[PDB]
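In what follows, residues are counted from 1 in the order of the sequence shown. We count ligands from 1, going down the list as the structure has it; atoms in each ligand are counted the same way.
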Amino acid sequence: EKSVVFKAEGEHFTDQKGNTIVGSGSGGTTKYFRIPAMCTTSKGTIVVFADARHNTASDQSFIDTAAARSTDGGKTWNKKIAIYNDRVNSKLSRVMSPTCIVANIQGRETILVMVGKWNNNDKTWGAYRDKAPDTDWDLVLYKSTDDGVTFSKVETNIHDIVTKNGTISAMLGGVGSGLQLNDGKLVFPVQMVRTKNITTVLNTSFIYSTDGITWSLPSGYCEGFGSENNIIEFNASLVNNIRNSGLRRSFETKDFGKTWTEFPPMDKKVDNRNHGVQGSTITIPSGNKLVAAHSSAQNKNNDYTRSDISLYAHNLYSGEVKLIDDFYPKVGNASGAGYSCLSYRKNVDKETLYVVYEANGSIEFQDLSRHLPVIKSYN
Ligand SMILES: CC(=O)N[C@H]1[C@H]([C@H](O)[C@H](O)CO)OC(C(=O)O)=C[C@@H]1O
């Protein structure tokens, strides 16, 4: 009814030289996985990224970005490390929080994946506000043009545009998936930690590009809330959907990121309760209309266990919301739980809706395509 993408205490990765990575799971396995991100290509291939937390579930720990690839509809997976941390600090070196896009970049189908990178910081990234930007931080971008088989680093100007801004201590993708606009523009939702002198600690925004190499920041900022967020393209707006303790928040920009205003069809429509949680938000066509599909946790215990990871439909015209499927109807592991990522595709006449999510330190996959008629009708 499901498959395991990455098995907690059940995977063995190799490093760049081909030596095994001895984690703290049983038998020297990778201990824990978090923060899944997925896409589906024009060939039907599914690629899933996650934080491979070799030693512990903690955010401040030794982490590589794993990638899993399935060509059989999610039944079986081939796995590797896509992005290695710098191996400065055996406790703390890390790459974190993947956000991915599958896109047509000047004719070439490309998977992009963006992760934050730290080495010696022993605290959460929001603690580091003294510098513009933090010297321990980077935001790195990798690509594949071979359907997810190989990844290579992309040289970008992302660090430069953050430095030039001068009011950002660190930036990170919004977690899960970014998007390619109908005109071809690449867009990553972002989270930013502002420098200490800015009265808002966190903001949301996006970065955009034509070629995947040269990126830009818009001039405005959206309120941060819990900062993890996704963007959809709708009706001549970019619309975000942001983590927040309690009710999720959604804003729209009609001027390509200069200004943001509340988006009534999604704002305050789903409750994640205490702490909030990352959620995934995408669009799915229905005729010449769109529906938003959204995944996040109901959090019945009002805590970090983030129970009941659920799929919702948002009617973008009426503002109705309904629960489609509580696809992980379980209490999570409070060491780190609740995150998810959706992926919709129509290849020829075959429509697929997939999800990956956190399940007790593992990453699981489900094919949710049977729900498509219900979601599409919600317009
Ligand atoms: C880069 C990073 O730390 N990401 C982490 C994120 C973050 O700490 C929080 O959004 C405050 O910034 O929180 C969580 C979480 O399970 O809630 C998981 C992520 O691994």
A cation-pi test, strictly: NZ or CZ of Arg345 under 6.0 Å from the centre of the six-membered ring of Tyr354 and no more than 45 degrees from its axis. Yes or no? no
Got an N/O contact under 3.5 Å between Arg306 and ligand 1? yes
Protein contact of atom 20 (O) of ligand 1 - nearest heavy atom, named by residue and atom, plus distance: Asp59 OD1, 2.7 Å
Cation over ring, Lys289 on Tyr317, under 6.0 Å and within 45°? yes
Contact with ligand 1 for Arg243, non-hydrogen, under 4.0 angstrom: yes
Salt bridge present between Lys2 and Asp367 (N-O < 4.0 angstrom): no
Starting from atom 4 (N) of ligand 1, which protein heavy atom do you reach first, and at what distance in Å? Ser97 OG, 3.8 Å
Could you tell me whether ligand 1 has any atom less than 4.0 Å away from a heavy atom of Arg53? yes
Could you check whether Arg53 makes a cation-pi contact with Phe33, meaning its NZ or CZ is under 6.0 Å from the centre of the six-membered ring and within 45° of the ring axis? no
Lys/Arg N to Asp/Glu carboxylate O, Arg249 vs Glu223, below 4.0 Å: no
How far apart are the C-alpha atoms of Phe49 and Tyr142, what are their side-chain angles, what is the distance that settles it, and do they pass the ring-ring contact (aromatic ring centres under 6.0 Å, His included) test? CA-CA 12 Å; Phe49 304 97; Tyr142 284 63; 9.9 Å; no
Would you mind listing which atoms of ligand 1 come within a distance below 4.0 Å of any non-hydrogen atom of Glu228? 6 (C), 10 (O)
Check whether any side-chain N or O of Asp138 sits under 3.5 Å from a backbone N or O of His159 as a donor-acceptor pair, and report yes or no. no
Can you name the atoms of ligand 1, numbered from 1 with element, that are less than 4.0 Å from a heavy atom of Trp125? 1 (C), 2 (C), 3 (O), 12 (O)
Test your reading of the structure: does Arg34 have an N or O sitting under 3.5 Å from an N or O of ligand 1? yes
Could you tell me, atom by atom, which parts of ligand 1 come under 4.0 Å of a heavy atom of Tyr339? 6 (C), 13 (O), 14 (C), 15 (C), 16 (O), 17 (O), 18 (C), 19 (C)
Between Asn89 and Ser93, do the side chains contain a donor N or O and an acceptor N or O under 3.5 Å apart? no
Heavy-atom contacts with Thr124 under 4.0 Å: which atoms of ligand 1 show up? List them by number with element. 8 (O)
Atoms of ligand 1 close to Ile35 [distance to a heavy atom under 4.0 angstrom, numbered from 1]: 18 (C), 19 (C), 20 (O)
Which of the atoms in ligand 1, numbered in the order shown and given with their element, are less than 4.0 Å from a heavy-atom of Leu172? 1 (C)
